[PDB]
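Have a look below at one chain only, the form solved without this ligand, in structure tokens format.
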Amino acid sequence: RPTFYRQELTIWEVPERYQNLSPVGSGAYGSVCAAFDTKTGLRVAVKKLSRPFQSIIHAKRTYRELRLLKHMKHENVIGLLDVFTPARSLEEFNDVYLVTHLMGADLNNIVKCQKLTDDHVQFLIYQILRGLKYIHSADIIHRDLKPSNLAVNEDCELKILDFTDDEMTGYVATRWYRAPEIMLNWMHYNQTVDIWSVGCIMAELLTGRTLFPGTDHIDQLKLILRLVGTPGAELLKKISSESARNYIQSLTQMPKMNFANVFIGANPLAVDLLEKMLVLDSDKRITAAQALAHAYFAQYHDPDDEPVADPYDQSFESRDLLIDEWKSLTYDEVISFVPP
């Protein structure tokens, strides 16, 4: 067990390897301090979770995040550098702290400061798909990819990060990258959801503009359908909601637009990739693995440096358990943490 010192920044009790903690973040998830890991020389983010086992749901959520973060071992995905609790036994256990690389800036911040170049776009999207091949191989779905969840360092190296209905109403970035099928609950979703988000992110990097700045769900749908065309019959069959099907049916049929006239002057290989990603029917979208083989990434594509993940068992998602059982599974995961 390391030695822990306590200081009030909230009271943080952290191992003394973590020095010079400086408060930088907070919010109902947890407070975040920036710190210097003397032992790895890394600059780190230390998150003290807010109320982790306050409710079956919160306990299960705590558990899920820890389980996810401990799984991820890939250049382009955030991983867990460390997790700890000052508690010396399950009975004492209450606080969870998660330690990750202090991140430089997210993709939005990059963009605010810079005009990107097709080479930058090439490289940045490559990395996302590389990360996602890994993520998807473990059958994990990020379901919330957005420029704010992508951390880009000074060398254009990127990590996928992070992983309520009012918060998705209106003119909001929380919804603009969402695949239609989940934005309107057309059908059960799967990983193809993320490739849609990548299409939206890529286009925006190529144009400097939100691809679908919907003012609300229905406006956004209209924007999507104008670009990709309204649903044909095959996909209609797959939307299980009769009302949704009905509503789509009320909209005047429109054909796919010409993407070369929408993304004027973009590299045709980018244009071609966008069309493969932005397909309304999820079943027909390109997968991250396949996209990585797309000519647009010839300068970066290495099939022997694009690894897949170890299995992620998420059977717990189907499990109903009491707070204290979730809590105990979390304590277990805390204490088995093997450092990187």
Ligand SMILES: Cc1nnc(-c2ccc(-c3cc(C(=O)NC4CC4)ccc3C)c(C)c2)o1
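Just so we're on the same page, rigid core means the largest C-alpha set that superposes within 1.5 Å between forms. Numbers follow the displayed sequence, beginning with 1.
One more form of this protein exists, namely the form solved in complex with this ligand; it is left out here, but the text below deals with it.
A.B. asks: Counting 3 or more ligand atoms within 2.4 Å of any backbone or C-beta atom as blocked, would this ligand, superposed onto this chain from where it sits in the bound PDB entry, find the site open or blocked?
C.D. replies: After C-alpha superposition the pocket is blocked.
A.B. asks: Quick one: of 227, 211, 270, 78, which gets a non-hydrogen atom within 4.5 angstroms of this ligand in the bound PDB entry?
C.D. replies: The residue from 227, 211, 270, 78 that makes the contact is 78.
A.B. asks: Note which of 257, 173, 105, 90 lies within 4.5 Å of this ligand in the bound PDB entry, where distance is taken over heavy atoms; exactly one does.
C.D. replies: Here the answer is residue option 105.
A.B. asks: Would you check whether this ligand, in the bound PDB entry, lies within 4.5 angstroms of a non-hydrogen atom from each of 32, 65 and 69?
C.D. replies: Every residue of the candidate spot has a heavy atom within 4.5 Å of this ligand in the bound PDB entry.
A.B. asks: Would you please decide whether residue 45 lies within 4.5 angstroms of this ligand in the bound PDB entry, comparing each non-hydrogen atom pair?
C.D. replies: Although this ligand is absent here, residue 45 would touch it in the bound PDB entry, with heavy atoms inside 4.5 Å.
A.B. asks: With a 4.5 Å heavy atom cut-off, would you call residue 163 a contact of this ligand in the bound PDB entry?
C.D. replies: Contact with this ligand, yes.
A.B. asks: Hey, in the bound PDB entry, does residue 151 get a heavy atom within 4.5 angstroms of this ligand?
C.D. replies: It does: once this ligand is placed as it appears in the bound PDB entry, residue 151 has a heavy atom within 4.5 Å of it.
A.B. asks: Please run the contact check for residue 100 against this ligand in the bound PDB entry: heavy atoms, 4.5 angstroms, yes or no?
C.D. replies: Yes - in the bound PDB entry, heavy atoms of residue 100 and this ligand come within 4.5 Å of each other.
A.B. asks: Okay, which stretch from 290-298, 270-278, 24-32, 303-311 lines this ligand in the bound PDB entry, with non-hydrogen atoms inside 4.5 Å?
C.D. replies: So the stretch in question is 24-32.
A.B. asks: Is residue 323 among the residues whose Cα moves by 2 Å or more between the shown form and the other one after superposition of the rigid core?
C.D. replies: The answer is no, as the C-alpha of residue 323 shifts between the shown form and the other one by less than 2 Å after core alignment.
A.B. asks: Note yes or no: does the Cα of residue 303 move by 2 Å or more between the shown form and the other one after the core is superposed?
C.D. replies: The answer is no, as the C-alpha of residue 303 shifts between the shown form and the other one by less than 2 Å after core alignment.
A.B. asks: After a core superposition, would you say residue 290 shifts its C-alpha by at least 2 Å between the shown form and the other one?
C.D. replies: Superposed on the core, residue 290 moves its C-alpha less than 2 Å between the shown form and the other one.
A.B. asks: Hey, the CA atoms of residue 27 and residue 62 end up closer or farther in the bound PDB entry than in the shown form, with the change being 3 Å or more?
C.D. replies: Farther is correct, given that in the bound PDB entry the C-alpha spacing of residue 27 to residue 62 is increased by at least 3 Å.
A.B. asks: Taking the cut-off of 3 Å or more as given, in which direction does the distance between the C-alpha atoms of residue 26 and residue 323 change in the bound PDB entry, closer or farther?
C.D. replies: More distant in the bound PDB entry, by 3 Å or more.
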